[PDB]
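Report on the structure given below.
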Amino acid sequence: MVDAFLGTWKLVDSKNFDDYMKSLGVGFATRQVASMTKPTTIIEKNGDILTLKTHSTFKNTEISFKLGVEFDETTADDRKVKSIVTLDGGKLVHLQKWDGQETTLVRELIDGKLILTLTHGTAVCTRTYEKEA
Ligand SMILES: CCCCC/C=C\C/C=C\C/C=C\C/C=C\CCCC(=O)O
């Protein structure tokens with residue numbers, strides 16, 4: 001079910017990431033560095049366990065989870081959240097909850113590119129990743 005998402009992906013387009021970060025309360029200096037970073041995202045599976053790595057010159061993260069099972073997560077911007085990842089309409093949907101807030105990180109494949117849509121508050125960021133061979 002998740003298999004077309006698996007692999008190594010490189011950021012190739014970003015829209016409204018500053019809006020998203022600002023909505024989350026990220027400080028200017030961090031936003032500034034983040035806006036010039038091009039992360040690599042690695043998604044791998046081992047049975048029912050998915051591992052999602054995000055690597056850059058600034059911050060790195062790694063999470064492991066089972067689809068449909070809540071997990072604790074500490075995000076790149078240091079939020080301690082309750083998370084769940086599920087497939088919905090063929091999209092990989094990641095929901096984070098903390099302090100009564102929510103944000104969604106939705107991944108979908110369009111023409112072989114991975115489109116990540118980040119929503120918090122009214123801010124909607126779209127980032128596009130291409131597969132590395
Ligand atoms: C480890 C993330 C590396 C790239 C971004 C650089 C710095 C992170 C700093 C702040 C960003 C604020 C919120 C983190 C939440 C989502 C970022 C996902 C970006 C992506 O997956 O495209």
Side-chain angles (χ1 to χ4, degrees), residues 2-133:
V2 68
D3 298 276
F5 292 98
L6 303 179
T8 298
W9 299 94
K10 313 305 266 192
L11 185 75
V12 302
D13 189 79
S14 185
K15 298 182 174 76
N16 297 346
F17 191 44
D18 183 72
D19 291 341
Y20 179 75
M21 292 187 286
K22 188 183 183 190
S23 187
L24 291 172
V26 178
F28 74 92
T30 295
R31 299 199 313 271
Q32 185 192 124
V33 180
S35 72
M36 289 297 285
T37 297
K38 298 184 184 180
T40 298
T41 300
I42 306 164
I43 312 180
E44 292 171 296
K45 183 184 83 176
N46 184 170
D48 304 335
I49 304 305
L50 290 158
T51 299
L52 192 156
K53 300 176 176 187
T54 311
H55 292 167
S56 78
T57 56
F58 180 28
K59 300 277 184 185
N60 298 306
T61 55
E62 179 174 316
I63 61 175
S64 293
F65 55 89
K66 285 191 1 101
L67 294 171
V69 180
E70 186 175 72
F71 58 105
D72 289 307
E73 175 181 10
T74 301
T75 65
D77 60 317
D78 306 306
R79 290 174 284 116
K80 293 182 181 183
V81 307
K82 299 282 169 186
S83 291
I84 192 166
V85 181
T86 61
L87 285 162
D88 181 346
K91 304 189 179 197
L92 189 71
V93 176
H94 176 175
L95 172 62
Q96 297 174 336
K97 295 168 188 174
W98 71 109
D99 297 329
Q101 302 197 46
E102 298 189 349
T103 184
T104 58
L105 306 87
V106 175
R107 292 178 172 90
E108 67 190 281
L109 296 162
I110 305 180
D111 291 339
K113 302 186 198 287
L114 186 165
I115 307 320
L116 170 63
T117 302
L118 303 174
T119 302
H120 176 254
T122 60
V124 183
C125 161
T126 309
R127 287 163 66 87
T128 304
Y129 279 86
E130 288 181 357
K131 188 81 102 78
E132 292 283 273

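Both backbone and side-chain heavy atoms feed into the values below; hydrogens, waters and symmetry mates do not. We count residues from 1, following the sequence as given.
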For this session: Could you tell me whether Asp72 and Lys80 make a salt bridge, using a distance below 4.0 angstrom between a side-chain N and a carboxylate O?
Result: no

Using a 4.5 Å cut-off on heavy atoms from C-beta on, say whether the side chain of [Y] contacts that of [X].
X	Y	result
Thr61	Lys53	no
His55	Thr8	no
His94	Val106	no

Exercise. Parallel, tilted or perpendicular: which fits the ring planes of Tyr20 and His120, with parallel below 30° and perpendicular above 60°?
Worked result: perpendicular

For this session: Dump the intermediate steps for side-chain contact (heavy atoms from CB on, under 4.5 Å) on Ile84 and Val69, then the final yes or no.
Result: CA-CA 6 Å; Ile84 192 166; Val69 180; 6.0 Å; no

For this session: Over all heavy atoms of both residues, which pair between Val2 and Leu87 is shortest? Give the atoms and the distance, please.
Result: N-CD1, 4.1 Å

Problem set entry | Least distance between heavy atoms, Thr37 atom then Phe58 atom | OG1-CB, 4.1 Å

For this session: Keeping the roles fixed (side chain from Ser35, backbone from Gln32), state whether a donor-acceptor pair exists under 3.5 Å.
Result: yes

Distance only, no hydrogens: is a donor on one side chain within 3.5 Å (strictly under) of an acceptor on the other, for [X] and [Y]?
X	Y	answer
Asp88	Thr86	no
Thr40	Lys10	yes
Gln96	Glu73	yes

For this session: Examine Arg127 relative to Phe17 and say whether NZ or CZ is less than 6.0 Å from the centre of the six-membered ring and inside a 45° cone about the ring axis.
Result: yes

For this session: Give a yes or no on whether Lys131 atom NZ has more than 12 heavy-atom contacts from other residues, nucleotides or ligands under 6.0 Å away.
Result: yes

